[PDB]
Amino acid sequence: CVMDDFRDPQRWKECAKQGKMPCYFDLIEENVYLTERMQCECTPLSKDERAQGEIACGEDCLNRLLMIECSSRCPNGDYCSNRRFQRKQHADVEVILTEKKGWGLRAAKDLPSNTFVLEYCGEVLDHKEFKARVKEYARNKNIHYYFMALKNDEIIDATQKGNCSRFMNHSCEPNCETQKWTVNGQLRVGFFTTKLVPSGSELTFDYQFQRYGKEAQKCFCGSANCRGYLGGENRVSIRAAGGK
C-alpha cells in the first residue's frame, strides 16, 4: 500500500481495513465551499534564457512577493514558476504511522528551505456550519481535529474531504509554516518548509491551536521547548476559536 493508493479508492479502503493506510476521506484537488461567496510585471524569458536554466517569476516576481499566484495570462506563460498551488507542484511526501500522534507526514526526499509542501485543502465553512460541525465531531467523540482558520468568517475543514496535508502533526519547534496565498482572487493555505528538511524527517507546523475543548490534548512533539498541551495554557470559547 503505497502513496499512489490514495488515488485508488477501492485499494485504499482495503489497505485501511488491514491498518496499512489511514482511514478513508475524500481526496479533493482544491477547496470546496458549502455556501459560495491581475498580471505581474516580470520580463518574459527568451527561449535561450529558459534553456540556460533561468527561473520565470522567481524571487523578483511582484505577484510572488505579495503571496499572489500568477494566472495562465502571465507574461512568462507556461514557464511561470509561480503557479504551484494551481499546478499541484507539491513536495515528495509520505504518510507514516507515529507512535502516539496518529498518522503523520514525512519528507520522501531532501527539501530546501521555503519549499511548498502541500496546500491545506478542505471544506470551507461559515460560522453557522463550523458550530454545526463542532457539535457533530464532539457527539462522534472524534480524537483528531482538522479545522484551519482561513479568514475571520472562513474555516477550512479537512475532516471529511481534503488531501494529505491533513496528516501534518503539531510541533512546538516546527520545520514548516503556513502561508496564505491568493489564487484566482480566492485565499488558500499552504505549508512551506522553514528550513532544510532531510529525507525521512517528519513534517510539522505550529498549530497556534485555539482549544475550545473542556480538556487539552497532550503534546508529544518531543521538543526541548514543548508547551505540554495542544492549545497551550488557555481554553477559549467556540466563537473565539471560530474567529468571531
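The term rigid core refers to the maximal set of C-alpha atoms that superpose within 1.5 Å between the two forms. Just count from 1 along the sequence shown to find any residue number.
In summary, of the stretches 213-221 and 24-32, 213-221 shows the greater Cα distance from the shown form in 8 other deposited structures of this protein, with structures fitted on the rigid core. Core superposition of the other structures onto this form places the C-alphas of 134-142 farther off in 8 other deposited structures of this protein than those of the other stretch among 134-142 and 69-77. Unmodelled residues of the deposited sequence between residue 47 and residue 48: none, the chain being continuous. For the pair 133-141 and 107-115, the mean B factor over Cα atoms is greater in 107-115.
Taking the PDB entry as given, 151-159 carries the higher mean Cα B factor of the two stretches 81-89 and 151-159.
If you compare the C-alpha temperature factors of 208, 52, 204, 182 in the entry, 52 comes out highest.
Ranked by Cα temperature factor within the chain, residue 25 sits in the middle third according to the deposited record. Ranked by Cα temperature factor within the chain, residue 177 sits in the middle third according to the deposited record.
When all modelled residues of the chain are sorted by CA temperature factor, residue 218 is found within the middle third.
Ranked within its chain, residue 62 lands in the middle third, by CA B factor from the PDB record. Residue-level temperature factors show residue 197 in the highest third of its chain, judged at the C-alpha atom.
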